[PDB]
file entry-v2.tsv (TSV, C-alpha atoms)
chain	number	residue	atom	x	y	z
A	417	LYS	CA	-1.78	4.24	-32.78
A	418	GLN	CA	-0.52	3.59	-29.25
A	419	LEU	CA	-2.62	2.21	-26.41
A	420	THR	CA	0.31	2.68	-24.00
A	421	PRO	CA	4.07	3.26	-24.33
A	422	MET	CA	6.68	0.89	-22.92
A	423	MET	CA	6.19	0.20	-19.22
A	424	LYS	CA	7.74	-2.03	-16.56
A	425	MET	CA	5.37	-4.19	-14.51
A	426	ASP	CA	6.56	-6.13	-11.48
A	427	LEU	CA	5.35	-9.69	-10.91
A	428	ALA	CA	4.45	-11.70	-7.84
A	429	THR	CA	6.92	-13.53	-5.58
A	430	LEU	CA	6.49	-17.31	-5.84
A	431	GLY	CA	10.00	-18.15	-4.64
A	432	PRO	CA	13.56	-16.81	-4.32
A	433	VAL	CA	13.35	-15.29	-7.82
A	434	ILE	CA	12.74	-11.68	-8.87
A	435	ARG	CA	10.55	-11.31	-11.96
A	436	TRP	CA	9.25	-8.42	-14.05
A	437	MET	CA	8.00	-7.79	-17.58
A	438	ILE	CA	7.91	-5.07	-20.23
A	439	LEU	CA	4.80	-4.50	-22.35
A	440	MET	CA	3.66	-2.26	-25.19
A	441	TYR	CA	0.40	-2.17	-27.17
A	442	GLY	CA	-0.19	-0.58	-30.56
A	443	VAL	CA	-0.79	-1.03	-34.27
A	444	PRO	CA	0.37	0.84	-37.40
A	445	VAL	CA	-2.19	1.92	-40.00
A	446	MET	CA	-1.43	3.28	-43.48
A	447	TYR	CA	-4.44	5.17	-44.83
A	448	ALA	CA	-3.32	5.55	-48.47
A	449	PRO	CA	-1.76	2.34	-49.85
A	450	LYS	CA	-1.22	3.94	-53.28
A	451	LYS	CA	1.33	6.52	-52.05
A	452	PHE	CA	4.13	4.04	-51.30
A	453	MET	CA	6.36	1.79	-53.39
A	454	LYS	CA	9.18	-0.71	-52.98
A	455	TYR	CA	12.26	-1.79	-54.90
A	456	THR	CA	12.89	-5.54	-54.76
A	457	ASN	CA	15.92	-7.69	-55.57
A	458	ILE	CA	18.74	-5.18	-55.11
A	459	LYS	CA	22.24	-6.58	-55.48
A	460	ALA	CA	24.38	-7.37	-52.43
A	461	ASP	CA	28.12	-7.97	-52.79
A	462	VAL	CA	29.62	-7.40	-49.33
A	463	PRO	CA	29.81	-10.77	-47.53
A	464	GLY	CA	28.21	-11.39	-44.16
A	465	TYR	CA	25.17	-10.22	-42.24
A	466	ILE	CA	24.40	-7.65	-39.55
A	467	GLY	CA	25.75	-8.39	-36.09
A	468	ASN	CA	23.48	-10.02	-33.54
B	53	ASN	CA	2.21	-46.01	69.89
B	54	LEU	CA	3.35	-48.90	67.68
B	55	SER	CA	2.45	-47.28	64.34
B	56	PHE	CA	3.87	-44.57	62.09
B	57	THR	CA	4.00	-40.83	62.76
B	58	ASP	CA	3.75	-37.75	60.55
B	59	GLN	CA	7.52	-37.70	59.90
B	60	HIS	CA	7.22	-40.89	57.80
B	61	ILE	CA	5.36	-39.00	55.04
B	62	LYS	CA	7.84	-37.95	52.34
B	63	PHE	CA	6.31	-37.68	48.86
B	64	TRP	CA	3.09	-35.90	49.88
B	65	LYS	CA	5.06	-33.06	51.49
B	66	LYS	CA	7.36	-32.56	48.48
B	67	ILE	CA	5.06	-32.62	45.42
B	68	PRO	CA	4.11	-29.07	44.37
B	69	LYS	CA	0.52	-27.92	44.87
B	70	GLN	CA	-1.62	-25.85	42.51
B	71	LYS	CA	-5.15	-24.60	43.08
B	72	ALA	CA	-7.98	-26.09	41.03
B	73	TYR	CA	-11.05	-24.20	39.82
B	74	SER	CA	-13.07	-27.01	38.21
B	75	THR	CA	-13.61	-30.76	38.26
B	76	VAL	CA	-11.98	-30.98	34.80
B	77	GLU	CA	-8.58	-29.37	34.17
B	78	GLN	CA	-6.96	-28.82	30.78
B	79	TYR	CA	-3.44	-28.15	29.51
B	80	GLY	CA	-1.68	-28.04	26.16
B	81	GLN	CA	1.56	-29.52	24.86
B	82	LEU	CA	4.02	-28.96	22.01
B	83	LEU	CA	4.92	-32.39	20.64
B	84	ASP	CA	7.36	-31.46	17.86
B	85	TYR	CA	8.61	-28.66	15.63
B	86	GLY	CA	8.17	-30.39	12.27
B	87	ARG	CA	8.46	-33.55	10.22
B	88	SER	CA	11.52	-35.46	9.00
B	89	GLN	CA	11.98	-33.99	5.53
B	90	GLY	CA	14.93	-32.65	3.60
B	91	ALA	CA	16.29	-29.12	3.89
B	92	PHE	CA	18.50	-28.76	0.81
B	93	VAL	CA	16.58	-27.23	-2.08
B	94	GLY	CA	18.67	-25.64	-4.82
B	95	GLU	CA	19.12	-22.25	-6.47
B	96	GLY	CA	15.81	-20.50	-7.10
B	97	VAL	CA	13.66	-23.41	-5.87
B	98	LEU	CA	10.75	-22.93	-3.47
B	99	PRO	CA	11.29	-24.95	-0.26
B	100	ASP	CA	8.80	-27.51	1.01
B	101	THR	CA	6.17	-26.72	3.62
B	102	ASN	CA	6.24	-28.12	7.15
B	103	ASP	CA	3.99	-28.09	10.20
B	104	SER	CA	4.32	-28.69	13.94
call {"tool": "encode", "arguments": {"input": "entry-v2.tsv", "output": "structure tokens"}}
result
Amino acid sequence: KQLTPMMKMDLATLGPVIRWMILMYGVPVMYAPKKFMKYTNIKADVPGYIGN
Amino acid sequence: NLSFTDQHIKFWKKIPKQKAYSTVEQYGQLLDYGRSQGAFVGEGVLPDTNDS
């Protein structure tokens, strides 16, 4: 449920710096908790992690 | 005649003359442009305020 999508909002000028921000509001809701499931503790063998 | 004549008056004939419209006359002056502060600030730093 979205209140607004991503938007860019400029800020005031308090000096020789340019500022702006990005905002987004929302929340996910799952109506039926009994219709999902999860597998835990699955084996990993390839070394490393995902790149930053 | 053993006294002075009109030709011995020097300053009174050279000072400029301006018309007066009141018994009290007013004028304004500009004493200075600012105070003795610093001018170097830095990158992205708001400079100091100054007054005349």
call {"tool": "interface_residues", "arguments": {"input": "entry-v2.tsv", "of": "chain B", "to": "chain A", "cutoff": "9 Å", "atoms": "only C-alpha atoms", "output": "PyMOL selection string"}}
result
chain B and resi 95-99
call {"tool": "atom_distance", "arguments": {"input": "entry-v2.tsv", "atom1": "atom CA of residue 91 of chain B", "atom2": "atom CA of residue 104 of chain B"}}
result
15.6 Å
call {"tool": "residues_near_point", "arguments": {"input": "entry-v2.tsv", "point": "(4.3, -1.8, -16.2)", "cutoff": "8 Å", "atoms": "only C-alpha atoms", "output": "list in words"}}
result
residues 422, 423, 424, 425, 426, 437, 438 and 439 of chain A
call {"tool": "closest_residue", "arguments": {"input": "entry-v2.tsv", "among": "B:75, B:88, B:55, B:70", "to": "residue 100 of chain B", "atoms": "only C-alpha atoms"}}
result
B:88
call {"tool": "atom_distance", "arguments": {"input": "entry-v2.tsv", "atom1": "atom CA of residue 435 of chain A", "atom2": "atom CA of residue 101 of chain B"}}
result
22.3 Å
call {"tool": "atom_distance", "arguments": {"input": "entry-v2.tsv", "atom1": "atom CA of residue 418 of chain A", "atom2": "atom CA of residue 436 of chain A"}}
result
21.7 Å
call {"tool": "residues_around", "arguments": {"input": "entry-v2.tsv", "residues": "residue 442 of chain A", "least_positions_apart": "5", "cutoff": "9 Å", "atoms": "all atoms listed in the file", "output": "VMD selection string"}}
result
chain A and resid 417 to 421
call {"tool": "decode", "arguments": {"input": "entry-v2.tsv", "residues": "chain A", "atoms": "C-alpha atoms", "output": "PDB file, in the first residue's frame"}}
result
ATOM      1  CA  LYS A 417       0.000   0.000   0.000  1.00  0.00           C
ATOM      2  CA  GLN A 418       1.708   3.148  -1.293  1.00  0.00           C
ATOM      3  CA  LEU A 419       1.120   6.645   0.026  1.00  0.00           C
ATOM      4  CA  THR A 420       3.390   8.070  -2.697  1.00  0.00           C
ATOM      5  CA  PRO A 421       6.012   6.667  -5.092  1.00  0.00           C
ATOM      6  CA  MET A 422       9.638   7.806  -5.125  1.00  0.00           C
ATOM      7  CA  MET A 423       9.992  11.567  -5.492  1.00  0.00           C
ATOM      8  CA  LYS A 424      12.788  14.131  -5.444  1.00  0.00           C
ATOM      9  CA  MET A 425      12.375  17.121  -3.129  1.00  0.00           C
ATOM     10  CA  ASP A 426      14.755  20.073  -3.226  1.00  0.00           C
ATOM     11  CA  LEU A 427      15.959  21.645   0.015  1.00  0.00           C
ATOM     12  CA  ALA A 428      16.723  25.191   1.097  1.00  0.00           C
ATOM     13  CA  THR A 429      19.986  27.048   0.452  1.00  0.00           C
ATOM     14  CA  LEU A 430      21.871  27.689   3.701  1.00  0.00           C
ATOM     15  CA  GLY A 431      25.284  28.079   2.063  1.00  0.00           C
ATOM     16  CA  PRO A 432      27.351  27.189  -1.016  1.00  0.00           C
ATOM     17  CA  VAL A 433      25.967  23.628  -0.975  1.00  0.00           C
ATOM     18  CA  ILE A 434      23.228  22.065  -3.116  1.00  0.00           C
ATOM     19  CA  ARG A 435      20.982  19.640  -1.233  1.00  0.00           C
ATOM     20  CA  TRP A 436      18.031  17.412  -2.102  1.00  0.00           C
ATOM     21  CA  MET A 437      16.344  14.276  -0.799  1.00  0.00           C
ATOM     22  CA  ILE A 438      14.411  11.237  -2.021  1.00  0.00           C
ATOM     23  CA  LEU A 439      11.399   9.933  -0.094  1.00  0.00           C
ATOM     24  CA  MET A 440       8.897   7.085  -0.310  1.00  0.00           C
ATOM     25  CA  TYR A 441       6.068   6.034   2.017  1.00  0.00           C
ATOM     26  CA  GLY A 442       4.348   2.669   2.176  1.00  0.00           C
ATOM     27  CA  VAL A 443       3.801  -0.588   4.021  1.00  0.00           C
ATOM     28  CA  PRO A 444       3.329  -4.229   2.938  1.00  0.00           C
ATOM     29  CA  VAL A 445       0.410  -6.236   4.306  1.00  0.00           C
ATOM     30  CA  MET A 446      -0.114  -9.995   3.946  1.00  0.00           C
ATOM     31  CA  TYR A 447      -3.757 -10.876   4.540  1.00  0.00           C
ATOM     32  CA  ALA A 448      -3.419 -14.683   4.796  1.00  0.00           C
ATOM     33  CA  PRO A 449      -0.382 -15.734   6.873  1.00  0.00           C
ATOM     34  CA  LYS A 450      -1.219 -19.438   6.416  1.00  0.00           C
ATOM     35  CA  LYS A 451      -0.615 -19.465   2.637  1.00  0.00           C
ATOM     36  CA  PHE A 452       3.167 -18.970   2.795  1.00  0.00           C
ATOM     37  CA  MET A 453       6.102 -21.064   3.985  1.00  0.00           C
ATOM     38  CA  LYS A 454       9.880 -20.897   4.263  1.00  0.00           C
ATOM     39  CA  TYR A 455      12.809 -23.297   4.030  1.00  0.00           C
ATOM     40  CA  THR A 456      15.555 -22.560   6.555  1.00  0.00           C
ATOM     41  CA  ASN A 457      19.189 -23.674   6.827  1.00  0.00           C
ATOM     42  CA  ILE A 458      19.980 -24.472   3.197  1.00  0.00           C
ATOM     43  CA  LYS A 459      23.576 -25.446   2.493  1.00  0.00           C
ATOM     44  CA  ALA A 460      26.023 -22.962   0.969  1.00  0.00           C
ATOM     45  CA  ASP A 461      29.327 -24.139  -0.489  1.00  0.00           C
ATOM     46  CA  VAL A 462      30.500 -21.382  -2.842  1.00  0.00           C
ATOM     47  CA  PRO A 463      32.820 -19.041  -0.895  1.00  0.00           C
ATOM     48  CA  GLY A 464      32.225 -15.322  -0.609  1.00  0.00           C
ATOM     49  CA  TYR A 465      29.271 -12.959  -0.468  1.00  0.00           C
ATOM     50  CA  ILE A 466      27.367 -10.741  -2.891  1.00  0.00           C
ATOM     51  CA  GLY A 467      29.194  -7.677  -4.153  1.00  0.00           C
ATOM     52  CA  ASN A 468      28.588  -4.351  -2.452  1.00  0.00           C
TER      53      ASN A 468
END
